[PDB]
Amino acid sequence: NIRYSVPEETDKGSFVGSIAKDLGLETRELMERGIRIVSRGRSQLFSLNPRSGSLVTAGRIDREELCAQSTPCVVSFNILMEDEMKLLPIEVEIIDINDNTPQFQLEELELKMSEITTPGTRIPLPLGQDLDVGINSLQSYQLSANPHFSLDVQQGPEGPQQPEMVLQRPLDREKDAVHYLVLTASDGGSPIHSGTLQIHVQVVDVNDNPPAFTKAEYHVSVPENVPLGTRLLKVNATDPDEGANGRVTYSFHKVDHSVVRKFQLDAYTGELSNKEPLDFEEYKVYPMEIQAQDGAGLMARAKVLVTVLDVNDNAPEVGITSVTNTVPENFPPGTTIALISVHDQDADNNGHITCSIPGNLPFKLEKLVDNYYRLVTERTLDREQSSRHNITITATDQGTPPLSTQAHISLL
Amino acid sequence: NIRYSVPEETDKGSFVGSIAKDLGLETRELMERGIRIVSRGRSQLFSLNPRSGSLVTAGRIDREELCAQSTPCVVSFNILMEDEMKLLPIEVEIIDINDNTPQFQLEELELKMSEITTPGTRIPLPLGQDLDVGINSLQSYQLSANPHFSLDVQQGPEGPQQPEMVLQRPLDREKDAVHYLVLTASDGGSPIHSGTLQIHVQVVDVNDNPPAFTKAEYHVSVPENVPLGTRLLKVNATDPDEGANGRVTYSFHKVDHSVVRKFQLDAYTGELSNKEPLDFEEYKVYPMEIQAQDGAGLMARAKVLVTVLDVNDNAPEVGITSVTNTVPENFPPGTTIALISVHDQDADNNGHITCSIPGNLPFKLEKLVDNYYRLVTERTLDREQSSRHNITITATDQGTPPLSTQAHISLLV
Ligand SMILES: *[C@@H]1O[C@H](CO)[C@@H](O[C@@H]2O[C@H](CO)[C@@H](O[C@@H]3O[C@H](CO)[C@@H](O)[C@H](O)[C@@H]3O)[C@H](O)[C@H]2NC(C)=O)[C@H](O)[C@H]1NC(C)=O
Ligand SMILES: *[C@@H]1O[C@H](CO)[C@@H](O)[C@H](O)[C@H]1NC(C)=O
Ligand SMILES: *[C@@H]1O[C@H](CO)[C@@H](O)[C@H](O)[C@H]1NC(C)=O
Ligand SMILES: *[C@@H]1O[C@H](CO)[C@@H](O)[C@H](O)[C@H]1NC(C)=O
Ligand SMILES: *[C@H]1O[C@H](CO)[C@@H](O)[C@H](O)[C@@H]1O
Ligand SMILES: *[C@H]1O[C@H](CO)[C@@H](O)[C@H](O)[C@@H]1O
Ligand SMILES: *[C@H]1O[C@H](CO)[C@@H](O)[C@H](O)[C@@H]1O
Ligand SMILES: *[C@H]1O[C@H](CO)[C@@H](O)[C@H](O)[C@@H]1O
Ligand SMILES: [Ca+2]
Ligand SMILES: [Ca+2]
Ligand SMILES: [Ca+2]
Ligand SMILES: [Ca+2]
Ligand SMILES: [Ca+2]
Ligand SMILES: [Ca+2]
Ligand SMILES: [Ca+2]
Ligand SMILES: [Ca+2]
Ligand SMILES: [Ca+2]
Ligand SMILES: [Ca+2]
Ligand SMILES: [Ca+2]
Ligand SMILES: [Ca+2]
Ligand SMILES: [Ca+2]
Ligand SMILES: [Ca+2]
Ligand SMILES: [Ca+2]
Ligand SMILES: [Ca+2]
Ligand SMILES: [Ca+2]
Ligand SMILES: [Ca+2]
């Protein structure tokens, strides 16, 4: 049993072993025995020269073609010596070399992972196969640098097995929606042959962000006589989510509908304008809470305060709250014939009321408490001179433009 | 200024105070004064009888109609004494009673809140309005018991303002999709009247649950001769989420496609069957990783092991690795004429190799190293008796049913 060692992929005619030296044969003795190689499929790679006694290579010795993945790879063929008709077992071990690159069964691996994927989730990676064996076979995986993922390689007896990609830092689609990684598989030769696997990690969206107003409280000041449908304000709300999770619509929070009903907020543009007249008397200010809803149950809040300014638009009102229609012929000076109830719905200088009566007639109005005015007479009237009187009392407020209300009293 | 006090909703003619008693005037003296009602806009609700000297009520005194929510509610009107022509204002305070229930401006407040809503979110609630005043006005809010929500009321000097509903424990649509609450507003009378506002909080779905397999590792044993397309297994994964987030689709994890390519997995029904033949050789077992995907990027993993049974289906193979065709006429007994290399691809009793040669001829086969067989000579054959030889060697394996391979070798003298 003769055993040699030759690397694989040798050049044609490369020396393997000299049979002459190990059998003790010269050139002549080899010629006399008539040594020649016994053929079978595999011995076609080996060539025996009967004069030099040197078994050399006859062709390409691709050990991956011969033994695939086994070790060691030894080719056994018989040498026929015609003299004694003697067979001689020659076994030649094929040492492995590195001439192949690890091949992934694809070029781009595309995966879908939600942004709420719990960190630590594992993804088995495609296996890369190095055609060589031994030290020139698959030796290591390397995941391209990225904060969100890490590489986990199980140490196996034959080599690295079952590569896995682990989620480290939690995903955020609003920051990075697509992560490109590169899984490089490398053997252990010199130089090292690396096969690359492109990884396309796509992040799926989840409604995790409610709208956000530009201001927490929206203030505005408006005249009371402001016409209907005047644009009071425009709010602004943003949503960073994708698609239906990021389309906002505004609406009124059901607070006090007696206040909300006096206003109008466009659901799409968010422009608040007035729908009903604005009266300073009932409401000086208008507090309202507004709401912005996206498409998936999230919402945001904001406050809107509509302060009403005052301008003279309400005239005082005079109520004929007292009338003594029958007034004596001999009444003394200082007797009240009528008491009136005066009231202006406005404030400041626009809300004070003065009383006016024609000054020729004897009776006059004096100052009394709380816009009440007492009509007391200052002289005597003749029974013959005046039988019937149709008097016109004038109540004017003092804020320009002044507003006035008249009351007419008939007396006898 | 004389001030009296009468409650609201009094019967007609009810006593307040005797004006004759307070003015120190008798029945006659006031009649001489000519005391009479000064008739203000709302003064007809007051009735003065000019004989008893007691200004009493004339009708229903509904102060909620009078002063609404103001305080205090005092009615001022003048008493005219015709004697000195002197006016005297009488003020009567209207004492409040409880005849109204707090009324909400709607019947059901319905809201949509995502299951991922950050706890602590506040929702201003619709105001309930009690027409009464004082202690008979709105006094308290009460939110019905619920683990996820609580009531927060801002108090005022007069009473409660801006009731707000706060989310405490985070919502789960997979557990509770609809929450019904009852907001009761109550005054402070005796008995207390409560108005109710039904609340309908709907929870919107969010992909917060990954698939879940029924088994972590799927083991199965199938004969090697199994035909193509035979149903091997069925996996099952459930998801409690709603809609597209809760129906699963199965697929192979991209690991080794040389193993996956030999199989077929329906993505929807999840029934695994074979697509290519299964040979016990090359692969004794078949390990595979499977993946369950919902509709929104979540996934689950499971293992499936398809173990191949072993069956005698590969016959041993005989290789004529050596043949010395030229053989002397006078060769002695014991000389090898041919060496054969036989090999069976199975194991155990199905993998042991036996050799058979014609027993009439002198040559016989003896076993040497491992699986090699040597054709040795035992006697002499005459060239005249036999010039050419067509040999039939049959190799049989030892596992039932036995498989045999025949080889024919031609030799001459
Ligand atoms: C030793 O002798 C045997 C016969 O005893 C030889 O085997 C024979 O080989 C021939 C092929 O040349 C077979 O012919 C076959 O005919 C059938 C008819 O249907 C068909 O299958 C094919 O057309 C085929 O040619 C013949 O059947 C076969 N003998 C037997 C019994 O099956 C053998 O070749 C001889 N070996 C040597 C080294 O001389
Ligand atoms: C306000 O909203 C508009 C509408 O998209 C947007 O363009 C703008 O950026 C927002 N305001 C700010 C300060 O970004
Ligand atoms: C004075 O007022 C009374 C009130 O009814 C009316 O009837 C009368 O016609 C008025 N005087 C004149 C001259 O019109
Ligand atoms: C298996 O999946 C089906 C699919 O709807 C389901 O009906 C069944 O409940 C699942 N298995 C069990 C044990 O529930
Ligand atoms: C592995 O390393 C080789 C060099 O040995 C590169 O060519 C390859 O791209 C990978 O980075
Ligand atoms: C990995 O690297 C190879 C070259 O080694 C490229 O061809 C491939 O596209 C991937 O980037
Ligand atoms: C408020 O309280 C009253 C009793 O005071 C109940 O009748 C009502 O249903 C609500 O609970
Ligand atoms: C609360 O209770 C009132 C009765 O007080 C109902 O009318 C309402 O629908 C809610 O159930
Ligand atoms: Ca090679
Ligand atoms: Ca290599
Ligand atoms: Ca190699
Ligand atoms: Ca996010
Ligand atoms: Ca998102
Ligand atoms: Ca959103
Ligand atoms: Ca006004
Ligand atoms: Ca005014
Ligand atoms: Ca005004
Ligand atoms: Ca009442
Ligand atoms: Ca009440
Ligand atoms: Ca009341
Ligand atoms: Ca949930
Ligand atoms: Ca869900
Ligand atoms: Ca899901
Ligand atoms: Ca088989
Ligand atoms: Ca088998
Ligand atoms: Ca077998």
# chains A, B, ... in the order shown; residues from 1 in each chain; ligands from 1
>>> interface_residues(of="chain A", to="chain B", cutoff="9 Å", atoms="only C-alpha atoms", output="ChimeraX atom specification")
/A:38-40,77-78,85,105,109,111-117,122-128,162-163,202-208,210,253-258,289,296-299,301,319-324,334-336,341
>>> write_last_selection(atoms="N, CA and C atoms", output="compact mmCIF listing (two decimals), in the first residue's frame")
# COMPACT_ATOMS: atom_id res chain seq x y z
N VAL A 38 -3.44 0.59 -14.00
CA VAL A 38 -4.71 -0.06 -14.28
C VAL A 38 -5.81 0.99 -14.30
N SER A 39 -6.56 1.03 -15.40
CA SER A 39 -7.57 2.05 -15.59
C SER A 39 -8.91 1.68 -14.98
N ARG A 40 -9.53 2.72 -14.45
CA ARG A 40 -10.91 2.91 -14.00
C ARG A 40 -11.12 4.41 -14.14
N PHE A 77 -6.02 3.43 -6.95
CA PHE A 77 -5.96 2.71 -8.21
C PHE A 77 -4.81 1.71 -8.14
N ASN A 78 -4.90 0.69 -8.99
CA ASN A 78 -3.93 -0.40 -9.02
C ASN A 78 -2.90 -0.17 -10.11
N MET A 85 2.93 -10.08 -13.12
CA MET A 85 1.48 -9.89 -13.20
C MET A 85 0.95 -9.42 -11.85
N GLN A 105 -27.90 31.55 -1.96
CA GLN A 105 -28.91 31.12 -2.92
C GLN A 105 -29.80 32.27 -3.39
N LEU A 109 -32.32 39.78 0.22
CA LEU A 109 -33.32 39.26 1.15
C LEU A 109 -34.16 40.41 1.68
N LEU A 111 -37.42 41.66 3.96
CA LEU A 111 -38.23 41.27 5.11
C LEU A 111 -39.08 42.44 5.58
N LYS A 112 -40.22 42.12 6.18
CA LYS A 112 -41.14 43.11 6.72
C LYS A 112 -41.24 42.94 8.23
N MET A 113 -40.91 43.99 8.98
CA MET A 113 -40.96 43.97 10.43
C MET A 113 -41.68 45.21 10.93
N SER A 114 -42.69 45.01 11.77
CA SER A 114 -43.41 46.14 12.35
C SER A 114 -42.49 46.92 13.28
N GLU A 115 -42.79 48.21 13.45
CA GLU A 115 -41.98 49.03 14.34
C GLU A 115 -42.22 48.66 15.80
N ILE A 116 -43.30 47.95 16.09
CA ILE A 116 -43.60 47.49 17.43
C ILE A 116 -43.08 46.07 17.66
N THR A 117 -42.25 45.56 16.74
CA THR A 117 -41.65 44.25 16.92
C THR A 117 -40.82 44.24 18.20
N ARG A 122 -35.85 36.97 16.59
CA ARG A 122 -34.82 36.35 15.77
C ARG A 122 -35.33 36.07 14.36
N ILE A 123 -34.41 36.18 13.41
CA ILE A 123 -34.69 35.89 12.01
C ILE A 123 -33.58 35.00 11.46
N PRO A 124 -33.88 33.75 11.11
CA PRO A 124 -32.84 32.88 10.53
C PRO A 124 -32.40 33.39 9.17
N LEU A 125 -31.10 33.39 8.95
CA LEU A 125 -30.54 33.98 7.75
C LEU A 125 -30.26 32.91 6.70
N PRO A 126 -30.27 33.27 5.42
CA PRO A 126 -29.98 32.29 4.37
C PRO A 126 -28.57 31.74 4.50
N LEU A 127 -28.44 30.43 4.31
CA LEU A 127 -27.15 29.77 4.43
C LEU A 127 -26.29 30.03 3.21
N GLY A 128 -25.05 30.45 3.45
CA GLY A 128 -24.04 30.55 2.40
C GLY A 128 -23.18 29.30 2.37
N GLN A 162 -26.35 27.89 11.26
CA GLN A 162 -27.59 28.59 11.60
C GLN A 162 -27.35 30.04 11.99
N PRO A 163 -26.96 30.90 11.05
CA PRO A 163 -26.81 32.32 11.38
C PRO A 163 -28.17 32.97 11.62
N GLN A 202 -37.60 46.24 5.69
CA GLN A 202 -38.62 47.27 5.60
C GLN A 202 -39.42 47.31 6.89
N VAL A 203 -39.69 48.52 7.38
CA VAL A 203 -40.39 48.73 8.64
C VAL A 203 -41.84 49.10 8.35
N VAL A 204 -42.77 48.38 8.97
CA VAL A 204 -44.20 48.59 8.77
C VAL A 204 -44.69 49.62 9.78
N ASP A 205 -45.64 50.45 9.35
CA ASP A 205 -46.14 51.55 10.17
C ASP A 205 -47.20 51.07 11.16
N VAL A 206 -47.22 51.73 12.32
CA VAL A 206 -48.23 51.50 13.34
C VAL A 206 -48.64 52.85 13.89
N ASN A 207 -49.94 53.07 14.05
CA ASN A 207 -50.41 54.35 14.55
C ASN A 207 -49.98 54.55 15.99
N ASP A 208 -48.81 55.16 16.18
CA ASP A 208 -48.25 55.39 17.50
C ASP A 208 -48.01 56.87 17.77
N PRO A 210 -50.17 60.68 18.01
CA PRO A 210 -51.35 61.54 17.88
C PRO A 210 -50.97 62.90 17.31
N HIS A 253 -64.98 69.51 20.56
CA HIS A 253 -65.24 68.66 21.71
C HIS A 253 -66.58 69.04 22.31
N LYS A 254 -67.43 68.05 22.53
CA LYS A 254 -68.76 68.33 23.06
C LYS A 254 -68.59 68.84 24.48
N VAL A 255 -68.58 70.17 24.64
CA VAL A 255 -68.40 70.77 25.96
C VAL A 255 -69.73 71.41 26.35
N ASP A 256 -69.90 72.67 26.03
CA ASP A 256 -71.17 73.38 26.16
C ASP A 256 -71.62 73.67 24.74
N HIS A 257 -72.69 73.01 24.29
CA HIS A 257 -73.13 73.22 22.93
C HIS A 257 -73.84 74.55 22.75
N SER A 258 -74.30 75.17 23.84
CA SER A 258 -74.82 76.52 23.73
C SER A 258 -73.72 77.51 23.37
N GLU A 289 -63.22 73.89 23.57
CA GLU A 289 -62.19 72.87 23.47
C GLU A 289 -62.31 72.21 22.11
N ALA A 296 -57.10 56.61 13.08
CA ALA A 296 -56.98 55.36 13.83
C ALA A 296 -57.11 55.62 15.33
N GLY A 297 -58.10 56.42 15.72
CA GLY A 297 -58.50 56.51 17.11
C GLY A 297 -57.64 57.38 17.99
N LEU A 298 -56.55 57.95 17.47
CA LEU A 298 -55.76 58.90 18.24
C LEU A 298 -56.28 60.32 18.03
N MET A 299 -56.03 61.17 19.02
CA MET A 299 -56.61 62.50 19.03
C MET A 299 -55.73 63.44 19.84
N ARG A 301 -55.87 67.70 21.65
CA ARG A 301 -56.74 68.74 22.18
C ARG A 301 -56.09 70.11 22.05
N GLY A 319 -88.76 101.13 30.17
CA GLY A 319 -90.00 100.45 30.50
C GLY A 319 -90.91 101.38 31.28
N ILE A 320 -92.13 101.54 30.76
CA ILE A 320 -93.14 102.35 31.44
C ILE A 320 -93.63 101.53 32.62
N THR A 321 -92.76 101.40 33.62
CA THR A 321 -92.99 100.58 34.80
C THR A 321 -93.89 101.25 35.83
N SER A 322 -94.13 102.55 35.71
CA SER A 322 -95.05 103.21 36.62
C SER A 322 -95.83 104.25 35.84
N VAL A 323 -97.14 104.30 36.09
CA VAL A 323 -97.96 105.35 35.52
C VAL A 323 -99.09 105.64 36.49
N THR A 324 -99.16 106.88 36.95
CA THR A 324 -100.33 107.38 37.67
C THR A 324 -101.03 108.28 36.66
N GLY A 334 -93.30 118.69 43.62
CA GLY A 334 -92.51 117.61 44.18
C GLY A 334 -93.17 116.25 44.16
N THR A 335 -94.32 116.10 43.50
CA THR A 335 -95.05 114.84 43.49
C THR A 335 -94.74 114.07 42.21
N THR A 336 -94.38 112.80 42.37
CA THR A 336 -94.07 111.95 41.23
C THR A 336 -95.35 111.54 40.51
N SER A 341 -88.30 102.81 34.16
CA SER A 341 -87.23 101.86 34.42
C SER A 341 -86.31 101.86 33.21
>>> residues_around(residues="region 259-264 of chain B", least_positions_apart="3", cutoff="9 Å", atoms="only C-alpha atoms", output="compact mmCIF listing (two decimals) with N, CA, C and O atoms, in the first residue's frame")
# COMPACT_ATOMS: atom_id res chain seq x y z
N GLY B 229 -46.61 14.79 -3.58
CA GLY B 229 -47.86 15.45 -3.26
C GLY B 229 -48.70 14.79 -2.19
O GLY B 229 -49.91 15.01 -2.15
N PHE B 252 -42.08 29.57 4.11
CA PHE B 252 -40.78 29.04 4.51
C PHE B 252 -39.82 30.17 4.85
O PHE B 252 -39.73 31.16 4.12
N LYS B 254 -36.37 31.68 4.62
CA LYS B 254 -35.31 31.51 3.63
C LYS B 254 -33.99 31.18 4.32
O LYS B 254 -33.26 32.08 4.74
N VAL B 255 -33.69 29.88 4.43
CA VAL B 255 -32.43 29.43 5.01
C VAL B 255 -31.66 28.67 3.94
O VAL B 255 -30.82 29.25 3.24
N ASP B 256 -31.92 27.37 3.82
CA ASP B 256 -31.34 26.53 2.78
C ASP B 256 -32.45 26.16 1.80
O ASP B 256 -33.38 25.42 2.16
N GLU B 271 -50.92 23.39 4.80
CA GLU B 271 -50.72 21.95 4.70
C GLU B 271 -49.46 21.66 3.90
O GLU B 271 -49.38 21.98 2.71
N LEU B 272 -48.48 21.05 4.56
CA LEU B 272 -47.21 20.70 3.95
C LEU B 272 -47.29 19.31 3.32
O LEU B 272 -47.72 18.35 3.97
N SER B 273 -46.90 19.23 2.05
CA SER B 273 -46.81 17.99 1.30
C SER B 273 -45.48 18.00 0.56
O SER B 273 -44.78 19.01 0.53
N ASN B 274 -45.11 16.86 -0.02
CA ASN B 274 -43.83 16.75 -0.70
C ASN B 274 -43.97 17.13 -2.16
O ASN B 274 -44.96 16.80 -2.82
N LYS B 275 -42.96 17.83 -2.68
CA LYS B 275 -42.91 18.25 -4.07
C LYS B 275 -41.92 17.45 -4.89
O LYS B 275 -42.11 17.31 -6.10
N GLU B 276 -40.88 16.92 -4.26
CA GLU B 276 -39.84 16.14 -4.91
C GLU B 276 -39.65 14.85 -4.14
O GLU B 276 -40.04 14.76 -2.97
N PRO B 277 -39.08 13.82 -4.77
CA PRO B 277 -38.94 12.54 -4.08
C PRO B 277 -38.08 12.66 -2.83
O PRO B 277 -37.20 13.51 -2.73
N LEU B 278 -38.36 11.79 -1.87
CA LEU B 278 -37.67 11.76 -0.59
C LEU B 278 -36.84 10.48 -0.57
O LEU B 278 -37.40 9.38 -0.54
N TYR B 286 -35.26 15.73 7.60
CA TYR B 286 -35.47 16.99 6.88
C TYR B 286 -35.88 18.06 7.88
O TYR B 286 -37.06 18.14 8.26
N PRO B 287 -34.94 18.89 8.35
CA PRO B 287 -35.29 19.99 9.25
C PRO B 287 -35.63 21.26 8.49
O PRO B 287 -34.96 21.64 7.53
N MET B 288 -36.70 21.93 8.92
CA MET B 288 -37.16 23.14 8.25
C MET B 288 -37.71 24.14 9.26
O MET B 288 -38.30 23.77 10.28
>>> residues_around(residues="region 189-197 of chain B", least_positions_apart="5", cutoff="8 Å", atoms="only C-alpha atoms", output="PDB file with N, CA and C atoms, in the first residue's frame")
ATOM      1  N   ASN B  98     -85.831  73.169  45.244  1.00  0.00           N
ATOM      2  CA  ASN B  98     -85.269  72.212  44.288  1.00  0.00           C
ATOM      3  C   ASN B  98     -86.417  71.541  43.542  1.00  0.00           C
ATOM      4  N   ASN B 100     -85.854  70.870  39.907  1.00  0.00           N
ATOM      5  CA  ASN B 100     -85.274  70.511  38.623  1.00  0.00           C
ATOM      6  C   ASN B 100     -84.131  69.521  38.805  1.00  0.00           C
ATOM      7  N   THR B 101     -83.977  68.644  37.825  1.00  0.00           N
ATOM      8  CA  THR B 101     -82.940  67.641  37.641  1.00  0.00           C
ATOM      9  C   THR B 101     -81.902  68.142  36.643  1.00  0.00           C
ATOM     10  N   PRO B 102     -80.613  67.977  36.935  1.00  0.00           N
ATOM     11  CA  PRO B 102     -79.578  68.378  35.971  1.00  0.00           C
ATOM     12  C   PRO B 102     -79.765  67.687  34.626  1.00  0.00           C
ATOM     13  N   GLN B 103     -79.745  68.485  33.562  1.00  0.00           N
ATOM     14  CA  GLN B 103     -80.036  68.022  32.210  1.00  0.00           C
ATOM     15  C   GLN B 103     -78.781  68.124  31.351  1.00  0.00           C
ATOM     16  N   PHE B 104     -78.382  67.005  30.752  1.00  0.00           N
ATOM     17  CA  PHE B 104     -77.327  67.022  29.750  1.00  0.00           C
ATOM     18  C   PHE B 104     -77.891  67.391  28.383  1.00  0.00           C
ATOM     19  N   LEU B 106     -77.281  66.134  25.625  1.00  0.00           N
ATOM     20  CA  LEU B 106     -77.316  64.995  24.714  1.00  0.00           C
ATOM     21  C   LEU B 106     -77.684  63.760  25.526  1.00  0.00           C
ATOM     22  N   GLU B 107     -77.707  62.607  24.859  1.00  0.00           N
ATOM     23  CA  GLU B 107     -78.055  61.360  25.524  1.00  0.00           C
ATOM     24  C   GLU B 107     -76.930  60.338  25.564  1.00  0.00           C
ATOM     25  N   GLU B 108     -76.065  60.289  24.553  1.00  0.00           N
ATOM     26  CA  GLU B 108     -74.954  59.345  24.541  1.00  0.00           C
ATOM     27  C   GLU B 108     -73.750  59.995  23.880  1.00  0.00           C
ATOM     28  N   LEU B 109     -72.634  60.048  24.599  1.00  0.00           N
ATOM     29  CA  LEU B 109     -71.380  60.558  24.060  1.00  0.00           C
ATOM     30  C   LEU B 109     -70.553  59.361  23.611  1.00  0.00           C
ATOM     31  N   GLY B 128     -73.561  69.117  32.328  1.00  0.00           N
ATOM     32  CA  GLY B 128     -74.944  68.978  32.750  1.00  0.00           C
ATOM     33  C   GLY B 128     -75.402  70.254  33.438  1.00  0.00           C
ATOM     34  N   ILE B 135     -77.784  75.208  46.604  1.00  0.00           N
ATOM     35  CA  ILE B 135     -77.507  73.802  46.858  1.00  0.00           C
ATOM     36  C   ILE B 135     -78.323  72.917  45.930  1.00  0.00           C
ATOM     37  N   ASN B 136     -79.360  73.467  45.310  1.00  0.00           N
ATOM     38  CA  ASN B 136     -80.232  72.722  44.420  1.00  0.00           C
ATOM     39  C   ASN B 136     -79.729  72.725  42.985  1.00  0.00           C
ATOM     40  N   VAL B 182     -71.231  55.435  32.630  1.00  0.00           N
ATOM     41  CA  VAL B 182     -72.427  56.181  33.007  1.00  0.00           C
ATOM     42  C   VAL B 182     -71.983  57.377  33.841  1.00  0.00           C
ATOM     43  N   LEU B 183     -72.110  58.577  33.279  1.00  0.00           N
ATOM     44  CA  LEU B 183     -71.767  59.814  33.977  1.00  0.00           C
ATOM     45  C   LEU B 183     -73.028  60.395  34.606  1.00  0.00           C
ATOM     46  N   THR B 184     -73.124  60.323  35.930  1.00  0.00           N
ATOM     47  CA  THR B 184     -74.293  60.811  36.650  1.00  0.00           C
ATOM     48  C   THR B 184     -73.986  62.160  37.292  1.00  0.00           C
TER      49      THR B 184
END
>>> residues_near_ligand(ligand="ligand 9", cutoff="7 Å", atoms="only C-alpha atoms and all ligand atoms", output="NGL selection string")
:A and (8-9 or 62-64 or 97-100 or 132)
>>> write_last_selection(atoms="N, CA and C atoms", output="tab-separated table (two decimals), in the first residue's frame")
chain	number	residue	atom	x	y	z
A	8	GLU	N	-5.21	19.55	-4.63
A	8	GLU	CA	-6.16	19.51	-5.72
A	8	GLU	C	-5.87	20.63	-6.73
A	9	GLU	N	-6.47	20.51	-7.91
A	9	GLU	CA	-6.37	21.53	-8.96
A	9	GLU	C	-4.93	21.74	-9.41
A	62	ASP	N	-9.92	18.17	-9.29
A	62	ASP	CA	-10.88	18.98	-8.53
A	62	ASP	C	-11.44	18.11	-7.42
A	63	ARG	N	-10.96	18.34	-6.19
A	63	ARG	CA	-11.37	17.50	-5.07
A	63	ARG	C	-12.86	17.65	-4.77
A	64	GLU	N	-13.42	18.83	-5.03
A	64	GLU	CA	-14.87	19.00	-4.89
A	64	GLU	C	-15.61	18.18	-5.92
A	97	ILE	N	-7.78	22.96	-1.71
A	97	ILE	CA	-7.34	24.34	-1.90
A	97	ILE	C	-8.55	25.26	-1.94
A	98	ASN	N	-8.31	26.57	-2.04
A	98	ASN	CA	-9.36	27.59	-2.06
A	98	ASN	C	-9.44	28.23	-3.44
A	99	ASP	N	-10.41	27.82	-4.26
A	99	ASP	CA	-10.62	28.48	-5.55
A	99	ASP	C	-12.08	28.86	-5.77
A	100	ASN	N	-12.92	28.80	-4.74
A	100	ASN	CA	-14.34	29.08	-4.89
A	100	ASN	C	-14.80	30.06	-3.82
A	132	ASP	N	-15.41	24.72	-1.21
A	132	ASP	CA	-14.23	24.10	-0.63
A	132	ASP	C	-14.56	23.49	0.73
>>> atom_distance(atom1="CA of residue 23 (chain B)", atom2="CA of residue 74 (chain B)")
20.5 Å
>>> closest_residue(among="B:152, B:44, B:5, B:53", to="residue 93 (chain B)", atoms="only C-alpha atoms")
B:5
>>> closest_atom_pairs(of="chain B", to="ligand 25", cutoff="7 Å", atoms="only C-alpha atoms and all ligand atoms", output="JSON lines")
{"residue": "B:280", "atom": "CA", "partner": "ligand 25", "partner_atom_place_in_ligand_line": "1 (Ca)", "distance": 5.4}
{"residue": "B:281", "atom": "CA", "partner": "ligand 25", "partner_atom_place_in_ligand_line": "1 (Ca)", "distance": 6.6}
{"residue": "B:310", "atom": "CA", "partner": "ligand 25", "partner_atom_place_in_ligand_line": "1 (Ca)", "distance": 4.7}
{"residue": "B:311", "atom": "CA", "partner": "ligand 25", "partner_atom_place_in_ligand_line": "1 (Ca)", "distance": 4.2}
{"residue": "B:312", "atom": "CA", "partner": "ligand 25", "partner_atom_place_in_ligand_line": "1 (Ca)", "distance": 4.6}
{"residue": "B:313", "atom": "CA", "partner": "ligand 25", "partner_atom_place_in_ligand_line": "1 (Ca)", "distance": 5.0}
{"residue": "B:314", "atom": "CA", "partner": "ligand 25", "partner_atom_place_in_ligand_line": "1 (Ca)", "distance": 6.0}
{"residue": "B:346", "atom": "CA", "partner": "ligand 25", "partner_atom_place_in_ligand_line": "1 (Ca)", "distance": 5.2}
>>> residues_near_ligand(ligand="ligand 10", cutoff="9 Å", atoms="only C-alpha atoms and all ligand atoms", output="ChimeraX atom specification")
/A:97-102,129-133,135-138,186-189,192-194
>>> write_last_selection(atoms="C-alpha atoms", output="PDB file, in the first residue's frame")
ATOM      1  CA  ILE A  97      -7.335  24.342  -1.896  1.00  0.00           C
ATOM      2  CA  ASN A  98      -9.359  27.585  -2.061  1.00  0.00           C
ATOM      3  CA  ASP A  99     -10.618  28.476  -5.546  1.00  0.00           C
ATOM      4  CA  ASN A 100     -14.340  29.081  -4.885  1.00  0.00           C
ATOM      5  CA  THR A 101     -16.427  31.892  -3.358  1.00  0.00           C
ATOM      6  CA  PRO A 102     -19.227  31.180  -0.857  1.00  0.00           C
ATOM      7  CA  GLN A 129     -22.208  27.547   0.970  1.00  0.00           C
ATOM      8  CA  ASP A 130     -18.474  27.428   0.298  1.00  0.00           C
ATOM      9  CA  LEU A 131     -17.633  24.727  -2.226  1.00  0.00           C
ATOM     10  CA  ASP A 132     -14.230  24.100  -0.634  1.00  0.00           C
ATOM     11  CA  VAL A 133     -13.727  22.143   2.599  1.00  0.00           C
ATOM     12  CA  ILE A 135     -10.012  25.760   6.299  1.00  0.00           C
ATOM     13  CA  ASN A 136     -11.135  27.030   2.871  1.00  0.00           C
ATOM     14  CA  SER A 137     -14.812  26.284   3.597  1.00  0.00           C
ATOM     15  CA  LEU A 138     -17.341  28.519   5.350  1.00  0.00           C
ATOM     16  CA  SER A 186     -16.272  34.587   4.549  1.00  0.00           C
ATOM     17  CA  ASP A 187     -14.145  31.447   4.474  1.00  0.00           C
ATOM     18  CA  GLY A 188     -10.671  31.074   5.951  1.00  0.00           C
ATOM     19  CA  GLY A 189      -8.234  30.937   3.056  1.00  0.00           C
ATOM     20  CA  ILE A 192     -10.425  35.230   1.963  1.00  0.00           C
ATOM     21  CA  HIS A 193     -13.320  34.849  -0.465  1.00  0.00           C
ATOM     22  CA  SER A 194     -16.506  36.577   0.702  1.00  0.00           C
TER      23      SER A 194
END
